[PDB]
Amino acid sequence: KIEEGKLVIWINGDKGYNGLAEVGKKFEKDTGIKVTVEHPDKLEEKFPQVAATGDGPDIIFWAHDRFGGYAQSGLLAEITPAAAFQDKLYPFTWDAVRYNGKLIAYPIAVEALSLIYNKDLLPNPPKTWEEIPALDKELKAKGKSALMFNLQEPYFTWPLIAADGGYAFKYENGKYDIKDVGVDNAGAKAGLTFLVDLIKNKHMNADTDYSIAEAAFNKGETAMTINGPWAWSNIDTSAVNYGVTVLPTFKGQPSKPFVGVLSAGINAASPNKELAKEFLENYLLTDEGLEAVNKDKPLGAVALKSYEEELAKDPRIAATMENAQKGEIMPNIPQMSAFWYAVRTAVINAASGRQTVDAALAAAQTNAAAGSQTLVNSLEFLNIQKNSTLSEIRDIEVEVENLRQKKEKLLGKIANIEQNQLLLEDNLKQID
Amino acid sequence: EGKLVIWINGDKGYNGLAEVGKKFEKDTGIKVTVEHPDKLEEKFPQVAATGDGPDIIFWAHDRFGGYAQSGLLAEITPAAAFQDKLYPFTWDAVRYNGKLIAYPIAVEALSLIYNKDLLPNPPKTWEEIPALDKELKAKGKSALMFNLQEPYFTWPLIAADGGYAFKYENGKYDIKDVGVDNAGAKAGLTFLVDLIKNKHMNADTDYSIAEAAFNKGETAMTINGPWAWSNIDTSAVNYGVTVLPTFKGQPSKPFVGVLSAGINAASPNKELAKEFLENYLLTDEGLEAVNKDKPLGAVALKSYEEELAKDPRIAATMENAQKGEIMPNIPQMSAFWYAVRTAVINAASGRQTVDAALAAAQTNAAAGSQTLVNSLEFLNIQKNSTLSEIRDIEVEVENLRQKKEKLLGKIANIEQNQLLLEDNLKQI
Ligand SMILES: OC[C@H]1O[C@H](O[C@H]2[C@H](O)[C@@H](O)[C@@H](O)O[C@@H]2CO)[C@H](O)[C@@H](O)[C@@H]1O
Ligand SMILES: OC[C@H]1O[C@H](O[C@H]2[C@H](O)[C@@H](O)[C@@H](O)O[C@@H]2CO)[C@H](O)[C@@H](O)[C@@H]1O
């Protein structure tokens, strides 16, 4: 299971996992505990599968949006940093990781999507989505293309969907109404329609994913991309002159990225709970840990006031936080994965051309309205956790029965010894 | 839309299938479009729930009971004359709750495929394959590689010693008696994971990696269906198709699939699709056209199977099929397959023990009544989608009714005028 005496850490393959593993060498070269940093596929879906059986990593890194489901499923340990540690991180980053009054993870860095443009194929990035087609017609005349970004994950297409009024769960009076879902409304329809019209007019391709878009931009084949800070590393080494700027407006309104706070939770099945705490607070969440990670793949606007006051002078970080301000902080409520799955389907099926935008989003709206899928999903993981726990109990009872069998055989040995002692003590009394 | 669009999976002979689409277009002039989208079996119900998707969908029969329960498949209406051209047991695979829900095309089963120059005889047992891999490793080769990402391919071994999906007895399936947890399933999956731990296979091998290695002569054995024989033909590896090895002395038990063609319930071209399938595909000419692209296996059309049955590769196919089981077509199959995919991937990667992986899958698959909620979801989507078409029509009707009312105004006023002129005329 989760071997005790070591820390295993999961973080997504696009993050600075090699830089994080350097913070693991320091932990291992300093405290002797070994640290293994892995980047599995579909990490956010494997974690609850294995953690439900007491397996998985000690620490799981993901944006805070997924952690409310992990918590409701009972898979997360209680985070308990001291008030002294709390004043080192911006309070709004602690806000992202608070669910029903408990801190369910440590905030690390603030992520938001920005516009990234090739400084030499385009001297000024377009201020509006609406001008991007004309730019692409011109740019293709030179053998290049205007824009390429990942169309497979709704994270990347939502800023445009949300611009004119799309929303996940209505947020009002400080609370989300999970039956007021806004993926159906006219704003959402107009955004996805513009996107599918871009595809159908041959300005982008529905088959484009993350790898194809990064390859295309870093080779000077596309004028613009949409991505987070992690992507800056690979663009640096391509010797492309790139700028990071505000996302284009749509119908006169800013694109609204959903803002992620990359967070570290501690597996509820971890025996190394306090070892994990010390790693995060006194190794990761410091200038040298964060800088080691950050120089692998930039983290974005880190939550630690100490190192952030230094990264904030990067113009790319300001442009990140300006885009972040125009968007909305993602909810962390359990229904987010259900929301994300509904919107993922819609975008792929509308982009593929085999469903209309109107039909795709009407389906997604009703699906997302079924947010009581997360109750069934949490109950499922809890029923796996229970059966696994009963199984450990039965193993213990076999151990106890074996021991009990040895004991009974020893008591038998003693019974026979006592027979002898009675015999010899009578033999001795008669010599007397 | 006056044309036929068809979905079929990318490992099938879609190029050959399109040739039958031309021969359809040259006779009726109707265009035939053959696409092989990824995850078609999962996209289909998403889009058909809103009245979209393809006209015809090709997949193994196991998925069609869920499509039918969600109300997304048209009732097939073969004439008694046409029904007697197909083996009756292939009709049973596509029969769900008394209705025929698709046309059967071909019977599929996995076989062992081995390099006859790397191996004089296929192994009789799974248990000897490690020793064989060692001997081969010393020569720069490997014993066995097959797709480990899809539970379809690992099931023959999982079932060998007693694993099963849903218990079948008295003619019906008990969807609460699930056999992915039992000692037979565990022993099969444990053997698979030990192969990986001992470096005889790699948990990341998938379909593409395994085919390449075998067709390049890099590995002595693979496990695959008939669709794969074409590419091995063009590679000039000397290969045999044979019965799978035994495990713990018992036959491997592959799940048998009947490639089937369903007709979308929202298709306006239902009769064209019927005509395409009955009188173009399901004939000695059409099945041969597909079969020459990528072999189909044992086709359902008695006339063309009589010829195929002479191919020893088809005999070995049918011998493997007989040791296995025809897959259920019940709605719970998708939940079953997803649960077992999870277990195999998580245990093969080493993140979970076999016991824990399969205990979780057992409890998941035991909740197969997520297919009832899932169908109820698709139906309420279909209903809401339909109500919107209705509301669009009713706007057209009210507009037309307003245009009418305005014309009745013109007529009323003309009659006023006529009254004036006709009395003024009676005075004159
Ligand atoms: O639904 C898409 C996806 O959006 C976010 O995932 C992001 C992640 O937050 C980023 O750090 C980066 O890794 O890209 C991911 C998308 O590819 C949500 O955090 C995630 O839950 C959601 O599924
Ligand atoms: O995966 C290759 C193989 O997959 C199919 O078998 C499926 C089954 O039919 C599906 O419902 C799926 O979810 O489970 C098995 C894969 O794990 C096809 O039957 C076969 O033709 C195709 O090549």
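To find a chain, count down the sequence lines: A is the first, B the second, and so on, and within it residues start at 1. Just so you know, ligand 1 is whichever comes first in the structure, and atom 1 is the first atom listed for that ligand. Hydrogens, waters and symmetry mates play no part in the numbers below; they use all other heavy atoms, side chains included.
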Has A:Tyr341 got more than 12 heavy atoms of other residues, nucleotides or ligands less than 6.0 Å from its OH? no

B:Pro151 near ligand 2 by a heavy-atom separation under 4.0 Å: yes

Any non-hydrogen atom of B:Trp155 lying under 4.0 Å from ligand 2? no

Which of the numbered atoms in ligand 1 are under 4.0 angstrom from any heavy atom belonging to A:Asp14?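 Heavy-atom distances to A:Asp14 below 4.0 Å select 12 (C), 13 (O).
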
Going by the order shown, which atoms of ligand 1 are within less than 4.0 Å of some heavy atom of A:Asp65? 18 (C), 19 (O), 20 (C), 21 (O)

For ligand 2, note which part of [X] has a heavy atom under 4.0 Å away: side chain, backbone, both or neither.
X	value
B:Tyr207	neither
B:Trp337	side chain
B:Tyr338	neither
B:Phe255	neither
B:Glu108	side chain
B:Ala60	side chain

For ligand 1, is there an atom lying under 4.0 Å from some heavy atom of A:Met336? no

With heavy atoms of B:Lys12 as the reference, note each atom of ligand 2 found under 4.0 Å away.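 It comes down to these atoms of ligand 2: 20 (C), 21 (O), 22 (C), 23 (O).
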
For atom 13 (O) of ligand 2, closest protein heavy-atom neighbour: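 Going by distance alone, atom 13 (O) of ligand 2 is nearest to B:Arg63 NH1, 2.7 Å.
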
Which residue and non-hydrogen atom of the protein lie closest to atom 1 (O) of ligand 2, and at what distance in Å?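 Nearest neighbour among protein heavy atoms for atom 1 (O) of ligand 2, to 0.1 Å: B:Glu150 CG, 3.7 Å.
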
Given B:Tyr152, B:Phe336, B:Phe153, which has its nearest heavy atom closest to atom 16 (C) of ligand 2?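 Among B:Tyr152, B:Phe336, B:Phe153, the closest heavy atom to atom 16 (C) of ligand 2 belongs to B:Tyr152.
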
B:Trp227 and B:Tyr152 aromatic ring geometry - parallel, tilted or perpendicular at 30°/60° bounds: tilted

Angle class for the A:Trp158/A:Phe339 ring planes (parallel below 30°, perpendicular above 60°, tilted otherwise)?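 A:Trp158 and A:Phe339: perpendicular rings.
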
Among A:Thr225, A:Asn227, A:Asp14, A:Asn150, which residue meets the side-chain hydrogen bond (donor to acceptor under 3.5 Å, both in side chains) test with A:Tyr210? A:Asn227

Determine whether A:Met330 and A:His64 satisfy the following criterion, side chain to side chain contact (heavy atoms under 4.5 Å, CB included), listing intermediate values before the conclusion. CA-CA 8 Å; A:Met330 280 183 291; A:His64 72 285; 3.9 Å; yes

Stepwise, does the salt bridge (charged side-chain N to carboxylate O under 4.0 Å, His left out) test hold for A:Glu328 with A:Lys256? CA-CA 7 Å; A:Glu328 317 273 335; A:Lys256 303 182 73 187; 2.7 Å; yes

Between A:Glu44 and ligand 1, does any nitrogen or oxygen pair lie at a separation below 3.5 Å?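 No, A:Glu44 has no N/O under 3.5 Å of an N/O on ligand 1.
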
